[PDB]
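The chain below stands alone and is given as structure tokens, in the form deposited in one PDB entry.
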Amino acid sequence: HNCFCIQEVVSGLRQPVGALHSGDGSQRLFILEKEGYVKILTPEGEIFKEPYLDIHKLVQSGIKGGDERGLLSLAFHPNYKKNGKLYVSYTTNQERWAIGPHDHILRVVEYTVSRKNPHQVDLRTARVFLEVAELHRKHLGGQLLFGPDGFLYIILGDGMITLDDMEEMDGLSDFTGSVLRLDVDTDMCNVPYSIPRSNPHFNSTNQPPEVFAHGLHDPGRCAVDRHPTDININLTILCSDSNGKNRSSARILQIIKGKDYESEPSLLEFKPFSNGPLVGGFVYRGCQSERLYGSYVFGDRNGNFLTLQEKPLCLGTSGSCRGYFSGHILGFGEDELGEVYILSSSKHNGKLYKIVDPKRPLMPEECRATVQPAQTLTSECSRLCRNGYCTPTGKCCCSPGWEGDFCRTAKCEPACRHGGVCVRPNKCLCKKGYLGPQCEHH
């Protein structure tokens, strides 16, 4: 019969959680390691010695078992090629919040690539967007993505947070179990992000404006469809929810183009799975396989695959085109060419497997993309905007006590006198003979 093939691309990874591309012409594959590493895979086939991101000490990763505490997701800005903007979701043990009893906080942070190195990011550019208190080490979610509408979606799990401990607290979270929707493209320096005008709860200040839809418990890696087959819909995220009590179910969320949402869409739930919890899914929109195109592909820990109503995917080890892998499946991946990957470790050594349709060429003629080697940023907010941050749109925002177009001039709120010069915020250089923080005493 007609099966597919898993092909070993590279090995020796430290608990691979997922893989994605940057959407910038270069065909780099960014592999995320649970411990708080991001590693680059060149289209030639190397893993660059130096990691793209090493937020090592910041994250307390999961030791062994049913843990879920490492690095969670990564998303590149749709305009990354011009603004070098990352977004990362991870778990940190390092805060002094006066919340009381809690396990950790789930942080969502943006970053920027170093202007003097396209293959590594500078840790100074870190900007927290969100921090979410957590009580347990399961049902966390964390998956990040950008819709074809340009907004950032954060998919957050249950956290196993009961209604007890919800009220029994000077609150926390209330973003948990929801899909958030954020407009990152802001010109306003008052906030890290803007609320989409079409989000429900845009005004009504009694429900959170960031919450686009709720009802999620333990979501897997959710399948994200950017070309939904239903003309009416323009983005579809479909999640496998573990539900906890093995009552596994699929929840589907449909985003409609140019519609001002009255209230939240319903997380439409159905049960097409016969048994067992899945790691997650992906929608294949690649070039290498004609017949797979469009199929929502879901998989479990052991390596059993489905297609949406569930139709199994055999991986016939026929001839030399294998179908067996080592250990269990941990996450999934995507090419800049649309080709899909599976990641699995044994429990050092982590593997990366590409999916291949044996009925079609390995590297087919119409699938070729002429590679564009990655480049340093050239934007005006780059190499000019000093002292303060630099929005995804290019608007240079100033850290307190700086003003001007590029935060070049320094502010002095008590005002420097006697021919004094304001050099840094409230710092003040006086001409000989004058003393005091504003040169006020002679």
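Residues that one form lacks are left out of the comparison. Just so we're on the same page, rigid core means the largest C-alpha set that superposes within 1.5 Å between forms. The first residue of the shown sequence is 1; numbering continues from there.
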Does the comparison with other entries of this protein show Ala126 left unmodelled in at least a third of them? no
At least a third of other PDB entries omit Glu269: no
Which class fits the unmodelled deposited stretch between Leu308 and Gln309: none, 1 to 3, 4 to 9, or 10 or more? 4 to 9
As the entry stands, the deposited residues without coordinates between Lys347 and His348 add up to 4 to 9
If you average the Cα B factors in the entry, which is higher, 61-69 or 40-48? 61-69
Higher of the two mean Cα B-factors (269-277, 338-346; per PDB record) comes from 269-277
Out of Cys189, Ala213, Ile105, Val356, whose C-alpha atom has the biggest B factor in the entry? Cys189
Could you place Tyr389 in the lowest, middle or highest third of its chain by Cα temperature factor, using the values in the record? highest
When the deposited Cα B-factors of this chain's modelled residues are ordered and cut into thirds, is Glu134 in the lowest, the middle or the highest one? lowest
Place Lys395 in the lowest, middle or highest third of its chain's C-alpha B-factors, as listed in the PDB entry. highest
Name the third of the chain's ranked CA B-factors that contains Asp54, choosing lowest, middle or highest. lowest
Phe202: C-alpha B-factor third of its chain, per the entry, is the highest
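There is another form of the same protein, the form deposited in another entry; it is not shown, and what comes next is about it.
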Core aligned, does the CA of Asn426 move at least 2 Å between the shown form and the other one? yes
Are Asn83 and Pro425 closer or farther apart at the Cα level in the other form than shown, by 3 Å or more? farther
Moved runs of 3+ residues, each with a C-alpha displacement of 2 angstroms or more between the shown form and the other one on the rigid core: 409-412, 414-439
